[PDB]
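Structure first, commentary second.
Bear in mind these aren't lab numbers, they're just calculated from the coordinates by the rules spelled out. Note that we place each Cβ from the backbone using ideal geometry, even for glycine, and neighbour counts take in every protein chain shown.
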2 protein chains.
Amino acid sequence: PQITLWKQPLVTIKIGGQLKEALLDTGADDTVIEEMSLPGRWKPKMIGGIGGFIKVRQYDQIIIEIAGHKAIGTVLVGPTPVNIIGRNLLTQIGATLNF
Amino acid sequence: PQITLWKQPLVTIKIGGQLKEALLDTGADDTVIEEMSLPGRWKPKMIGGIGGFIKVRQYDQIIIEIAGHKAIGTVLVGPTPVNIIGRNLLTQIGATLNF
Ligand SMILES: COc1ccc(S(=O)(=O)N(CC(C)C)C[C@@H](O)[C@H](Cc2ccccc2)NC(=O)O[C@H]2CO[C@H]3O[C@@H]4OCC[C@@H]4[C@H]32)cc1
């Protein structure tokens, strides 16, 4: 699709058997989801933005379906105020910014 | 142009006659720029990101060029980790997300 930016570009995602709403975020290197369980090993990470850093769990090789399009990559899980789909998965669904 | 997301979507902006680098950020409602001097009066705003909140100065109707495209609108100035062009100005330059 073509998504305009008059309002937040929120989409439905499927991750870990769950549906969630998430923001398509070109300013995010990484994908960050609110607390949930994921399979496999993880390792700790600090990620930071406006207001500082938060501690997250890094899970690799997670399959996500984003607005209908499947992708695999790393997902960070922790106390983010907004589920954000970052560039590591935006690339995989072929998303671009056009103007 | 068409901007892919394999690398950060950094562009050159011009504000106050000066060139700066900034991130095109569809996950940002507002444009936030590192400390600089802007003309006129400002109003207070608190903005909230991943790691909590920062206080910024809101300047309205500021002339800014983004990747060669002219915009005039609200710029927030404060202790942001990077210069962010948010949706208030992405919509002025006609940006969309496409996949
Ligand atoms: C109302 O107006 C606003 C309100 C909030 C924000 S924001 O900067 O907090 N943010 C909102 C979003 C979290 C809901 C915009 C994001 O695009 C920021 C934009 C951002 C970029 C860099 C640093 C600070 C902020 N990105 C971000 O937090 O990315 C995280 C995840 O991946 C990592 O990549 C980034 O680069 C490495 C660190 C960050 C990490 C901007 C304008």
Checklist line | About the Cα centre, charge dipole magnitude for chain B (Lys/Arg +1, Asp/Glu -1 at Cβ), debye | finding: 180 debye
Item checked: Derived scalar couplings ³J(HN,Hα) [the stretch B:42-48; Karplus, 6.51 cos²θ - 1.76 cosθ + 1.60; whole Hz; x for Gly, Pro] -> 10, 10, x, 9, 10, 10, x
Next item on the list: Please give the length that would be gained between A:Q61 and A:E21 if that part of the chain were fully extended, namely 0.36 nm times their separation in residues minus their C-alpha to C-alpha distance (nm, one decimal).
Entry: 12.4 nm
Note to self: I'd like the Kirkwood hydrodynamic radius of the protein assembly as shown, using the inverse of the mean 1/r over distinct C-alpha pairs, in Å.
What the structure shows: 17.3 Å
Check: Using a basic spin-label model with each label point 7 Å from the Cα along Cα→Cβ, how many nm lie between B:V82 and A:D29?
Finding: 0.8 nm
Next item on the list: Sort out the exposed loop trypsin sites (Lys or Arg not before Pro) in chain B (DSSP loop, at most 14 other Cβ within 10 Å) and tell me the longest stretch that has none.
Entry: B:42-99
Checklist line | Vicinal HN-Hα couplings computed from phi for the stretch B:76-91 (Karplus, 6.51 cos²θ - 1.76 cosθ + 1.60; Hz; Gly/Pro x) | finding: 9, 10, x, x, 6, x, 7, 6, 10, 9, x, 5, 4, 9, 4, 5
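Could you give the size of the charge dipole of the protein assembly as shown about its Cα centre, using +1 on the Cβ of each K and R and -1 on the Cβ of each D and E, expressed in debye and rounded to the nearest 20?
Values: 20 positive and 16 negative charges, 31 e Å.
Charge dipole, the protein assembly as shown, about its Cα centre: 140 debye, nearest 20.
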Check: Too long at a 25 Å Cα-Cα cut-off: which of B:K20/B:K43; A:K45/B:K43; A:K43/B:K55; A:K7/B:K70; A:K20/A:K45; A:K20/A:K55?
Finding: A:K45/B:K43; A:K43/B:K55
Next item on the list: Using R₀ = 30 Å, calculate the FRET efficiency as 1/(1 + (r/R₀)^6) where r is the Cβ-Cβ separation of B:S37 and B:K7; round to 0.05.
Entry: 0.45
Margin query: If each DSSP helix of 4+ residues adds -39,500 (n - 2.57) and the sum is divided by the residues in chain A, what number results at 222 nm, nearest 500 deg cm²/dmol?
Written below: -500 deg cm²/dmol
Next item on the list: Tell me which residues come under 5 Å, amide H to amide H, from A:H69 once H is placed; ignore anything under 5 positions away on its chain.
Entry: none
